[PDB]
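Colleague: show me how the following folds:
(chains A, B, C, D, E, F and G, ligands or ions: 7)
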Amino acid sequence: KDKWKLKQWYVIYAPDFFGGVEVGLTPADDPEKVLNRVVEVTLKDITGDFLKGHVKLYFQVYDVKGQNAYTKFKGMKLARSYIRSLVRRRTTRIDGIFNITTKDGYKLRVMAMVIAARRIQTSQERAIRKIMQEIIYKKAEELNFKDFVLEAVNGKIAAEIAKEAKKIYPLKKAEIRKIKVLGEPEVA
Amino acid sequence: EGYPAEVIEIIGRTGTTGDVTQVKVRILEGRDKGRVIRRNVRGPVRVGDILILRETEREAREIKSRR
Amino acid sequence: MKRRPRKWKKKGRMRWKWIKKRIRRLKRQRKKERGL
Amino acid sequence: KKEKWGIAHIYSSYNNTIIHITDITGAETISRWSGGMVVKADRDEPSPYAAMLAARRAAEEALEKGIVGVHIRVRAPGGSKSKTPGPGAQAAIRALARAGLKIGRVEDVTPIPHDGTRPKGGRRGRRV
RNA sequence: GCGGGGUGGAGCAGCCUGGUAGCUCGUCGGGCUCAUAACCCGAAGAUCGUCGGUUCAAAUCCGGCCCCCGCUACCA
RNA sequence: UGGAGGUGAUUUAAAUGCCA
RNA sequence: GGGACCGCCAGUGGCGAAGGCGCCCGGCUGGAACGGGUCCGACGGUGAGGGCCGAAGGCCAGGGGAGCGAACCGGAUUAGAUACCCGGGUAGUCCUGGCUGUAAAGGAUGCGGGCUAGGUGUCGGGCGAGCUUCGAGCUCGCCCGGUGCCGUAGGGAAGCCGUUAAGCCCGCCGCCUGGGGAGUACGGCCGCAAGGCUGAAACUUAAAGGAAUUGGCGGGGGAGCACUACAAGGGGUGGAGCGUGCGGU
Ligand SMILES: [Mg+2]
Ligand SMILES: [Mg+2]
Ligand SMILES: [Mg+2]
Ligand SMILES: [Mg+2]
Ligand SMILES: [Mg+2]
Ligand SMILES: [Mg+2]
Ligand SMILES: [Mg+2]
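Modeller: Numbers count the residues shown, from 1 in each chain, chains lettered A, B, ... in the order given. Ligands and ions are numbered 1, 2, ... in the order given. Please see the structure below:
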């Protein structure tokens, strides 16, 4: 029916700090409806190196100035197939979840996951979690929202846990599993 | 409507009463023209035959480890 | 009720869980109807 | 650019099969087909043939409105019920690219609880 | 107020939309089984309460009437 | 050679039996 | 917006007197193992009568109620179906305050001490050698304490137990005396009610029970067969009339 013919294709754009690039097309009648639609594109669709194909990003639009949907970072997540294969018997996963804030005033919740190399005690398992909290909060003091996110998904906080914790028990594959923004600064 | 296929190997006897035979055919003119699939036939079959079929996509379910 | 496990054995009889339930329904009548 | 893409949600259980073709955001549908909309016997409504036909009549009407490729999302009922996809999943994915579309990444998104609520039956199952 | 049921051993279908008197428990015979119950098959059984009209032609449209009736009470 | 646990599944209806 | 539960890692692994206990961070609190030329100086074992703790369910009062679901209302299956299967659903299940005191509450195995071959895993502590990307890390050996398996002497009717004894000894307490009648009648003490604890006789009966052995059978599992089995096919008997055998009359 004509209902399809009244539609209109809009071009979505990545945020600024990932490089403004085209991401998908999208139909609708009036722009007042394309205003909270959530996209999802893997990291490799933006400056793609085949290795990080298993990291996914979320962008939510906030403006339509004439066939251009500018977005805003919303979250970040690994893929269940990926982490479904790091957890085997005799390996003792370790799980941390933190509420933090940044310079602009954004509030975030990061969920990082370490994976020891054998079976270990638990009083030796919470020392590691305290280490992780202590190098997350710190790292979230001099870095703004846009630079914290730039390296969380990138993999520049993993190489710091994987340094200070390997001196508790030799581990493998420490990394960050999920990010979700919670609130905005009232300013701006 | 006309797709012929040329048997290359027999796999065994399926059937509630030993009637049908599973066999690995190779299409020879049409959409695939070279692909290899698996189908059940009724009647007797040697190798080198030419069946005529009508879909070219059904891929009969695997048999009990051929025995 | 001071039970004895020789009677759950079901060989030449009926279930014990259902015999107890029938002894109770008689002790309820010998009590109401002038078990006073 | 001019490259339209989309998503295909494929919902399959022991009793039916639904194919849904939407645009890349996910919020504007294009084509939605089921299994009881083609076959007539409630026996084979979940069969592989029903999926194979519905998944063709979906692609047909979705290719005419411009879509060139499609990503895959396969789903089972999941939750407090079965977690294994029925017989229509591998059949619908295999007869969606044979119909002219391309195929990007695939994944399964069945909902899983971290020790959630209670199933049916009760302490003794379905003593059929 | 006067009207309804009128039909196999039975129970009721079965009308207006006319040409198989219709399905079920029963009855005798045959199958299946080692044999009995259940299950499958075949025949027998009222021929529509009855005269009459309509109708080429009627449980099938209805009237006259024979039977059983049937919803109902002292009316100072 | 030989055993002990765990999780899954397990399919229409289908009763009964002189006397020695 | 809303109530309940915390998956994979999860391990004949850990902790507790038993029932039991599984997201993370902080505070209060009980018990055990190991290391000890520490301290007191027999203070100990068991325990009739008494005392606290005790799954699920039911009860009495106030809240809460998402999922599931006794009673209850409908659809089917069947000769019948008050059931199994399907669609709904009240009490319950959850929180605060009390009462009841029961389970296949099972290692079907009460608790303390001494002694009588080995082998092999795994959790906590200590010691001693080797490595070491100098990590609260990885291997190997010995001593102590929990937790599994194979197995000598001996024990047992056998199944099987065997330093975590069902072995040989020194203590203390509870219960048993053929099967039923019967955990019933009568009488007491508890509980709001349901119900708990205590508990006989008349009479009847020759067996009731346990562990193993040959067989037969299974709407249990594997292997193999057969036109008095099927599948693929050819001809028919069952309906009519006669030939002949049988039941009945
Ligand atoms: Mg005993
Ligand atoms: Mg019979
Ligand atoms: Mg059955
Ligand atoms: Mg029998
Ligand atoms: Mg006492
Ligand atoms: Mg129900
Ligand atoms: Mg227990």
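Colleague: find the residue closest to residue A:100 in space, skipping its chain neighbours.
Modeller: residue A:140 (4.6 Å; Cβ to Cβ, 6 or more residues apart in numbering or on different chains). From N, CA and C alone the C-beta is placed, and that goes for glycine too.
Colleague: where does chain A come near chain D, residue by residue?
Modeller: Contact residues, chain A versus chain D (Cβ under 8 Å from any Cβ of the partner chain): A:4, A:9, A:11-12, A:22, A:24-28, A:37-39, A:42, A:79, A:81.
Colleague: which one of the residues you listed is nearest to RNA strand G?
Modeller: Within the residues of chain A next to chain D, proximity to RNA strand G (Cβ to the nearest atom of the strand) peaks at residue A:81, which comes in at 12.3 Å.
Colleague: which residues does the residue nearest to that closest one when sequence neighbours are not counted contact?
Modeller: Excluding its sequence neighbours, the residue lying closest to residue A:81 (Cβ to Cβ, 6+ apart) is residue D:107, at 6.8 Å. Residues in contact with residue D:107 (Cβ atoms under 8 Å, 6 or more residues apart in numbering or on different chains) are A:79, A:81, D:72, D:73, D:74.
Colleague: quick one, phi/psi of residue D:107?
Modeller: With angles defined as degrees, to the nearest 10, residue D:107 sits at phi -170, psi 160.
Colleague: nearest residue to the middle of the chain?
Modeller: Picked chain A for this. Compute the mean C-alpha point of chain A, and by Cα atoms, centre = their mean the closest residue is residue A:76, 2.6 Å away.
Colleague: that's the other chain; I wanted chain B
Modeller: The centroid of chain B falls nearest to residue B:39 when counting by Cα atoms, centre = their mean (3.4 Å).
Colleague: so what sits opposite that one in the bridge?
Modeller: In this entry, residue B:39 is beta-bridged to residue B:23, by DSSP bridges.
Colleague: and it, what does it touch?
Modeller: For residue B:39, the contact set (Cβ under 8 Å, 6+ apart) comprises B:22, B:23, B:25, B:51, B:53, B:58, B:59, B:60.
Colleague: just curious, which of these is nearest to residue A:113?
Modeller: Closest approach between the contacts of residue B:39 and residue A:113, by Cβ to Cβ: residue B:59, at 40.3 Å.
Colleague: measure the closest one to residue A:6 for me?
Modeller: Distance, residue B:59 to residue A:6, by Cβ to Cβ, to the nearest Å: 43 Å.
Colleague: neighbour-wise, which of these two wins?
Modeller: residue B:59 (14 against 11; other Cβ atoms under 10 Å in any protein chain shown).
Colleague: ok but residue D:9 is inside a helix, no?
Modeller: No - Residue D:9: not assigned to a helix; according to DSSP: H, G, I helix; E, B strand; the rest coil it is strand.
Colleague: if we can go back for a sec, can you flag the buried ones in the contacts of residue B:39?
Modeller: B:22, B:23, B:25, B:51, B:53, B:58 (16 or more other Cβ atoms under 10 Å in any protein chain shown).
Colleague: now do the contacts for the residue of chain B found nearest chain D.
Modeller: Nearest to chain D, among the residues of chain B, is residue B:57, at 6.7 Å (Cβ to the nearest Cβ). Residues in contact with residue B:57 (Cβ under 8 Å, 6+ apart) are B:37, D:52, D:95, D:98.
Colleague: report the distance from stretch D:52-63 to the chain centre.
Modeller: In terms of Cα atoms, centre = their mean, to the nearest Å, the centre of stretch D:52-63 is found 12 Å from the chain centre.
Colleague: just the strands in chain B please.
Modeller: Remark: strands assigned in chain B by DSSP state E are B:4-5, B:9-13, B:20-26, B:36-42, B:51-52.
Colleague: can I get those strands in a markdown table including distance to residue D:29?
Modeller: Below are those laid out as a markdown table (distance: least, Cβ to Cβ, whole Å):
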| stretch | distance to residue D:29 |
| --- | --- |
| strand B:4-5 | 39 |
| strand B:9-13 | 43 |
| strand B:20-26 | 40 |
| strand B:36-42 | 34 |
| strand B:51-52 | 41 |
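Colleague: residues near residue 10, how many?
Modeller: Going with chain A. Using other Cβ under 10 Å, residue A:10 has 21 neighbouring residues.
Colleague: that was the other one, I meant chain B.
Modeller: Number of residues near residue B:10 (other Cβ under 10 Å) recorded here: 14.
Colleague: biggest helix in chain D, by residue count?
Modeller: Counting residues, the longest helix found in chain D (DSSP state H) is helix D:48-63.
Colleague: contacts for that helix next, please.
Modeller: B:57, D:6, D:8, D:10, D:12, D:17, D:19, D:21, D:30-35, D:37-39, D:44, D:87-89, D:91-92, D:95-96, D:99-101.
Colleague: which of those fall within strands?
Modeller: Among the contacts of helix D:48-63, the ones falling in strands (DSSP E) are D:6, D:8, D:10, D:12, D:17, D:19, D:21, D:30, D:31, D:32, D:33.
Colleague: ok, and of those residues, which contact RNA strand G?
Modeller: Residues of these in contact with RNA strand G (Cβ under 7 Å from any atom of the strand): none.
Colleague: apart from its chain neighbours, what residue comes closest to the residue of chain B found nearest chain A?
Modeller: Nearest to chain A in chain B, going by Cβ to the nearest Cβ, is residue B:62, at a distance of 24.9 Å. Leaving out its chain neighbours, the residue that sits closest to residue B:62 by Cβ to Cβ, 6+ apart is residue B:38, at 7.7 Å.
Colleague: these two touch, right, that neighbour and residue B:21?
Modeller: No - taking Cβ atoms under 8 Å as the definition, residue B:38 is not a contact partner of residue B:21, at 11.3 Å.
Colleague: who's more crowded, these two?
Modeller: Neighbours per residue (other Cβ under 10 Å) separate residue B:38 from residue B:21, with residue B:21 holding more: 19 against 15.
Colleague: now, which of the contacts of residue B:39 sits nearest residue D:117?
Modeller: Closest to residue D:117, out of all of the contacts of residue B:39 and judged by Cβ to Cβ, is residue B:59, at 38.8 Å.
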